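Remarks on the structure that follows.
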Amino acid sequence: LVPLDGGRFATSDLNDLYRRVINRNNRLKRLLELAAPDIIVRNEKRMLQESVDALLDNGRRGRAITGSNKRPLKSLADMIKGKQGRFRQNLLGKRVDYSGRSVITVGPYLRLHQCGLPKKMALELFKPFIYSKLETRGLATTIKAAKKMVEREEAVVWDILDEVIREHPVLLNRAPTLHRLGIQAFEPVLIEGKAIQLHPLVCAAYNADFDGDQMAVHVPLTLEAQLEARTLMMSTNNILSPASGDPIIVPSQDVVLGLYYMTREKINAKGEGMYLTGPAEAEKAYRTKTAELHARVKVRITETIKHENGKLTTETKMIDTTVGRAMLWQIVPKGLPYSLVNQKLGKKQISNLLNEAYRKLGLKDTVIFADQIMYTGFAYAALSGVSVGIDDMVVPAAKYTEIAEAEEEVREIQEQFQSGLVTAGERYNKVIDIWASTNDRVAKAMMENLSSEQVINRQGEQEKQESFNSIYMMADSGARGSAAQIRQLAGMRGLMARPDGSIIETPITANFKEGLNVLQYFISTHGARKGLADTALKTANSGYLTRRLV
Amino acid sequence: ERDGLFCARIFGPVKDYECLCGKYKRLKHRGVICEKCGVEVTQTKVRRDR
Amino acid sequence: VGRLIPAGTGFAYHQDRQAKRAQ
Amino acid sequence: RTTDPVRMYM
Amino acid sequence: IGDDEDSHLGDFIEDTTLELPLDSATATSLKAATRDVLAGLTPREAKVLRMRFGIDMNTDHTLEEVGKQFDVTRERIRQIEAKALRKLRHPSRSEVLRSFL
Amino acid sequence: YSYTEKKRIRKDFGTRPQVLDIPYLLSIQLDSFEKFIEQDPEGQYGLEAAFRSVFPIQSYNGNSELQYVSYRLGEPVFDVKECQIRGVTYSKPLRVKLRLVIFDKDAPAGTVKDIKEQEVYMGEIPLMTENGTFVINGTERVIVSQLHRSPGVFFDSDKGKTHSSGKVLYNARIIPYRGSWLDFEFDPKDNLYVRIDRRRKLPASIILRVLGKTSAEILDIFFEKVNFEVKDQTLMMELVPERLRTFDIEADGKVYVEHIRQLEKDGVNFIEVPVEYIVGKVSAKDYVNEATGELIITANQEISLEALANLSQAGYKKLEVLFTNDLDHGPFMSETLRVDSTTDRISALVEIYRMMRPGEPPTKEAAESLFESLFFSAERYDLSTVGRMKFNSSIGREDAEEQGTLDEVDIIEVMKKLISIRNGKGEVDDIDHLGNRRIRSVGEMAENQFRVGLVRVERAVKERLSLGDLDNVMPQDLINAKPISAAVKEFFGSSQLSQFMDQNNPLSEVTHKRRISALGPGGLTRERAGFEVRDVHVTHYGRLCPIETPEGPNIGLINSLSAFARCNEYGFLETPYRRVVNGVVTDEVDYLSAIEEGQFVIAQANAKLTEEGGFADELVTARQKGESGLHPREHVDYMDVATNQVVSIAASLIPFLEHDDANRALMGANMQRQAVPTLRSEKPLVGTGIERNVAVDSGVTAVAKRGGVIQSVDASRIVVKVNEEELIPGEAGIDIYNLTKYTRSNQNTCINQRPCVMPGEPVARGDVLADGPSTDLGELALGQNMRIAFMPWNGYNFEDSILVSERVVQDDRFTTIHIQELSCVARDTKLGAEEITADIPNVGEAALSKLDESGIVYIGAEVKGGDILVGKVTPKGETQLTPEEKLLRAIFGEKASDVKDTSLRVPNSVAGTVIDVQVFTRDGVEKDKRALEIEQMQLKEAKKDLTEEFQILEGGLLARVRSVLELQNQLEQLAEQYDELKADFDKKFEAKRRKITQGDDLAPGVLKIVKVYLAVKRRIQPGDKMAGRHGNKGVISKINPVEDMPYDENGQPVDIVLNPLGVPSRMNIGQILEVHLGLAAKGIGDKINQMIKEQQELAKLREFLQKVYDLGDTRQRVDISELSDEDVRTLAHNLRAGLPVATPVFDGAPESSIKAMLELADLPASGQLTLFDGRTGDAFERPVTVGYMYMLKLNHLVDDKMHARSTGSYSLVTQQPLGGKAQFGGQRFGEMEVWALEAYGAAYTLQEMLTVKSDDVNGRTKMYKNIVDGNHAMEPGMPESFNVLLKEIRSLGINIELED
Ligand SMILES: [Mg+2]
Ligand SMILES: [Zn+2]
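Protein chains in written order, with the entry's author numbering: chain A, 252 to 801; chain B, 52 to 101; chain C, 1352 to 1374; chain D, 95 to 104; chain E, 519 to 619; chain F, 3 to 247, 252 to 264, 273 to 979, 1006 to 1340.
In structure tokens form, the structure reads like this:
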């Protein structure tokens, strides 16, 4: 029962319940003293039972007693139980000290064991450590002086902070924490600004993307906690998924696009057919604007095989490859075949590179290789100049003819329903198949048009080449995108479902490049709203299931 | 007040090492119960355990 | 109750207690 | 038949 | 508190009677520094200061009790305390205690 | 073209002529509240209805009554601005005229002895600002409309989720506006049951017994009768030809299949039947023999073999029975009668009294009034007019248009219709249909709460009149205004639908005033909502926007009014449509609701029209019953009025919306409401043409009430001399617009009005004189135009990250002004009175440098974190200082003071400029010096407008005096008019000075309040959230140096580098089109800039402008030859920074027009340029998409999201750290974090986070001491929450303990 502000008081409902019980017990004693009639004594005993029941467990014996706010009172049981009870809100999940929270950005210069911590958060979280060091080196005589220097933001406080942080791991967390990779230990690098810089390769573990997500920062204090963070919780030790064993640090997006563009083959490029002494020579050739990055060359590759028994066999042969694969061979550690690089590298190929590096080399080589893959992919995705434009969505010329033929055949089945040859359900299931085959044929035509091109070789002949379209490269590299999204981009959006689950007979024959009219957009919203609502309910149900399983 | 829901005799002193009547109002008088007020001179935290 | 969990780094500790409860 | 003390007293 | 049913007034009320850990550390440091400073005085002078200000003892004392514990009177004890306070008012043995204010 | 539009004409890319202008965006609020407050002679709406529903008040005995006459609303004490300044509610007093009359007991009733009539005050009604907002407790609030179930009868079913059988249980449910619910359900054994107030089920026949229905009458109403006769010793049917269509047919040759149509062409009135055909049938009447005196066969009783013989012996020859099938007719009512246990009205009344009041002894008279109160009493049951119309439409009743209570025929027809639905005829009603859902606005809610308060006062008035002692009582003694005021204050301050006004930008204004919520009182629940209500029903076309609904738990439960949606007289949403006659399409339009929409076919604006005004295609696209299809041209009935009819205002501002996925469009619409105004407002290069409507209707701009010429312009005042055609006689002739300058919004954002006018130019009505926040020349301007390159840059735009140049940071394009409130309240305590003074103990002089003599900082002081703003000292009690502390005091002196320093300090990491200080003093307290200075400052500021008005009036009067110079008469008249003007000015200034000098009604216990406004210029930094208008949000990852960013051949670097990877997967292609069109627009802008620079002749400028405005086959006909030379120069000047282009939603610019404008701007047709790397100088080997995009700075800043804590304040009971940045709390280590550490194996980290960091009281102090000492070791203890749990379990009488 405490004074909030300016004479206003805040109490607990237990006070009201206990007051009722005491008042009615006193009334019962007074009635017994006065030798009251039996009916009044009986009613008093009845209310005593009711009040004690409301105190122990309100809303169970009868109607819940409500306070002056027209809300039910909270009893002992109601606060030892429930989601907002003692157990789940204060004994299993606790608010903690030495904690912070900030928006997360991307640090492409960081390493796996490093995270970018703002100096303000580091100063506020590591304050007792700063005080300790200031006293032990004698810059501050007592704790008050140390606080004065820390608050004044003196110069030496920053050196003290960079000595405390030097080898002190910090735990980064993101809500929700679906699995154990949602909390990881990093070595802090102190940065200006107010945002935490996160290594890209760990984002997939956090399910974190930089559109405004925030992360929590925890500072372990005791030596045992620091050893646990450095030995068990380090991001370097956490590179395999505990669910399946597959690597979780596989590159995505920009890295995959860069490594894919670097490992592609172009026909009749500048510097084709040259002979190169090795990866360094290929790098020299591309930096000198002699051979294009997609030029076919013959490169002398030295290659070490590490057998299962530990045999390290070195060999050197001349391999037909491109300049880009020759360069990428520089960062591949010894003990791996060149056949792992001598191909266009999508997401699956890079995942296989990391998997085999872990299998035949261990963890340190794997983490160094993952870092180098990330830097090379970022650099060459930057140098590539991949850009999405409006001429990149090549709508096939067969789409209009197919739509016209589908309309003609739908009208033919429309003048055949009156003949009684078919039923309404048969007409429905036939128009649906007509349009659901027109969709497949339009998608196939678009993919055939978009994934091929015709180039001129050195001889002068016309030769088919895999296309270098931006959207096609995005989809084929596996970076971000798929065939269905391209078919909704440049083909046909397709048949859609009514809010009940039924399928509208007339599909959306227009794509996003040429735009939709009002009805098509309404039909699209019909499914968008379902998707969002089902995502929300799915999150709730999955959380409940995970809690029961744990 | 006395014998209420917040009584200082039953549950303990409100202020640290003091008493309601102020007769014993320092640490030197620990463990001594006032005759005037009946409040044992101790810490306030005992009110979360009594 | 706020004590070490019988898993991970806190496993061996509990084992010793069990040993101390065996004797 | 009823669980309200008020009606019982009535 | 808000439109949500998860936030209550009871979570926004702070315990004001609690002592800050910084204050506890400052108190311990002050005790240690006072012990170090009193270690630089004469045994009788340190004893009279400690007994008349109740340091490391279970009670405080007037000059009657300090006079009776020794073989010494009122004014004698009063001026030993005066001499101690002039000794500790000297700048040489006061820089440490200045930071505690 | 208007003057404010002729300055900067936006090129329109639309092709469809506009027929209906977008109406006032805030009509939904203004019309509702005007209906609430305005006088109603017929008394169906407004406070008149509320007064007439309760008054007159009848006493129990009938001695006297209180009657109502009329009402009025007085002059407000304050206006809106100072109501916000002091923190009081803007309201008008309600003054109602009532008459008290007394009736004598001896004399017959209705004899008037004496009447006492007067005007009594019954509370204060909050008024609505012209912009549709309320000022409650000094804060601006919006009442949000509610979408609720319409009153009436709703027929639905179970769909088969009750029992595993394929049977579907059907039911009906009546919802009154005020009353108790009534349900009629089917059980899974073909019986119909009744449910009153959701209680336990009862046979339906009970509700008929209680209504005076004998079993014969029940069978008559609920069944058809087939009759039998005994003719010539033969059994005899009747003739109903439709019934037969098989033992035989006794119509001779008409016999059949021992199809009926064969000989049904010929009719005979006789059919004979066996005795066996009757055995399985049930009776219909009661048959009594007078001789026997008993009841042989009862109604609804199965007829037996001996029954026929006994009836024949009784002499009865006519036998009518019921009619039962297995498909079309059913025994439901008969079986329900067979399962009922009552036999008479009173027994059924006893049964329903026992059910309604379980355990109560059966009382008859109570029963009567209970049933009469349940449904048939006007006091407890009220079916509104809308509910009455829904009822009369559902069951087909055609009368009782004013009745509001159920009667016999209502329940009879509800039962009949539900049985008809069970038979097969008819269909259930769609629960999500917008004809079944209603819009309830401010007026209706205020009426309801006012009526609740009126009932509260009615009870006491009735009791007091029932006392009877009525000799000297005037009516202002029974009326208690406080309960009514409490009710209205409760509604306007603590309702879930009364929310703080989202004031980031004008779009937030409009979207908050046009929001519709399914939550609130009488609404839905977030956890109890279902899929069906959240889904998009087809009736939402033109009524609710299918795009903008918040992401998350509130998905679908909160909607936005569409652009042209309207509320009819009944509260149902309606949308406009152009009618078609004789195949031609007419300008004039009709508003249709959801019920009226189903019948007609409705085309849409995309349908092509001929020059004759008719459809071109024979098969045009249209809708019927919510299904789209192709329909004949001559069948059309209506067409849509505009292309943006289905989308709301926020989604109508997204260019190229038809090229975006619905998800990303929804994200963009929601995210465009979170934009923060910047220092300089810049128009969108690519827009939709809706910006002017939003800017004008938001109210943030200063709109000219009358035309004329601006007499004077200033940053704070605009004075307009009105033209002599709009001058009301006797008026001064000038209008004064005072502009808001640097006023804090609800979201701590600057509200500033900037003049956009010169002295002397002409202005018309509706013209913009000042631009408010996020407005540029009358156009909505949220973000800024940024040069955009779509290309990956070294991982600094990984995922949705954004790479930003230093040029835009240096140019302050995204800098914002935030105004923050800090309050210091000096109260009165037990020890003494808290004082605001500069004599702060233990504080030096440097900290008092910015403080004045009173103890308040000056205006314009640059303050940083920790600086004192208001110096306040608090009396404190005695401190029992520790022994070493008294050593320190003895050695160093420094005696303690009687006051402690509790002063208002600037929060950490906050540094700004003090821009205003307000001091509020309780009456009777000495006003400090600063309060006096502020008082004189406000008086000096306030006398200026009155001084100017008096000066112009006196100048006109003296000019009249000179012109006049019979003579003495005119001189005396002029002198007396001058005296009258002087007296009026004196009265106005007296009222003003009284307002400023007036004391403040502060809360009890407080003596002084000091309020400081801090202005902070927040620059754009990494971690800030930036977004476009297509759902493409992002967080800035780096502020790149200029020399490191990509640049073009001419050397122009880009401003923002965006990742292309997010475009294909997310299906937001409108952004690429916007980039291309913005590139073209800025190209044309720089061409005009060049033409201006070398001072080319106006002929070439006119030719180029005409060429630009004539591009494409559009609906815009701009004639540059019709503009003056100066007007053309102003247009060219305003087009220097780019040509604004309008691309309406679903009527946008095709790719051909974009490429044509790119060609006109001498830019690549593909929109892709050759960029060069700044770091290396090498050109990128693929062309890169470069252009201009409208970027927004969202109100998600890293400045107010960064938070850190080591040790702070702790909670009172749990002894755990607080939660929140404002409270300096700690992060929550929930269940899943504990699971993650358990999975890792971190026992020690888990133990530390559980005990030391959270609630081990001794542990955390010991750990802090150890860390300061440098030990990094812990001695963990018992968590405090577990001890709380043990005590709580012990309080339940359960012995829980710890063993050793
Ligand atoms: Mg995100
Ligand atoms: Zn005492």
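Ideal placement from N, C-alpha and C gives every residue a C-beta, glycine not left out.
For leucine 783 of chain F, the enclosing beta strand (DSSP E) covers residues 782 to 785.
The criterion of a C-beta distance shorter than 8 Å is not satisfied by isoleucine 518 of chain A and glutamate 666 of chain A. Against chain A, a Cβ distance below 7 Å from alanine 543 of chain E picks out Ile394. When distances are taken from the beta-carbon of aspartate 1064 of chain F to the heavy atoms of ligand 1, even the shortest one reaches 7 Å or more. Shown here, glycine 643 of chain F sits in a strand according to DSSP, grouped into three states. With its beta carbon less than 8 Å from one in chain D, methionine 298 of chain A belongs to the interface. At a cut-off of 7 Å, the beta-carbon of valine 65 of chain B does not count as near ligand 2: no heavy atom of the ligand is closer than that. Counting only the Cα atoms, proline 1190 of chain F lies some 16 Å from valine 1148 of chain F.
The beta carbon of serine 642 of chain F falls within 8 Å of a beta carbon belonging to chain A, placing the residue at that interface. Counting only residues of its own chain and dropping the five nearest sequence neighbours on each side, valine 1226 of chain F has a CB closer than 6 Å to the CB of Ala803 and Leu1209. Under the DSSP assignment, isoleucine 198 of chain F falls in the beta strand (DSSP E) whose first and last residues are 193 to 198. Taking 7 Å as the cut-off, one finds at least one heavy atom of ligand 1 near enough to the beta carbon of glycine 463 of chain A.
The DSSP assignment places complete beta strand (DSSP E) segments of no fewer than 3 residues inside the stretch 102 to 172 of chain F at 117 to 128, 136 to 138, 141 to 145, 147 to 151 and 154 to 159, in order along the chain. For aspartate 410 of chain A, the CB stays at least 7 Å from every heavy atom of ligand 1. Residue-level contact by beta carbon holds for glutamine 335 of chain A and chain E, with a gap shorter than 8 Å. Put simply, the CB of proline 535 of chain F is far from chain D, with every gap to its CB atoms at 8 Å or more.
Taking 8 Å as the CB threshold, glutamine 894 of chain F lines the interface with chain B.
No Cβ-Cβ contact shorter than 8 Å links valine 146 of chain F with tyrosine 92 of chain F. Relative to ligand 2, the beta carbon of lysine 325 of chain A is positioned no closer than 7 Å to any heavy atom.
The nearest non-hydrogen atom of ligand 2 is less than 7 Å from the C-beta of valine 90 of chain B. Shortest gap from the CB of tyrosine 68 of chain B to any heavy atom of ligand 2: 7 Å or more. Scanning its chain for C-beta atoms nearer than 7 Å, with the 5 sequence neighbours on each side dropped, one finds around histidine 649 of chain F the residues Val615, in chain order. In this structure, the straight-line span from the alpha carbon of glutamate 479 of chain A to that of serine 590 of chain A is close to 40 Å. Taking the Cβ of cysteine 366 of chain A as the reference point, every heavy atom of ligand 2 lies at 7 Å or farther away. Taking 8 Å as the cut-off between beta carbons, the residues of the stretch 293 to 321 of chain A near chain D are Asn294, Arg297, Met298, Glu301, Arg312, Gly313 and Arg314, in sequence order.
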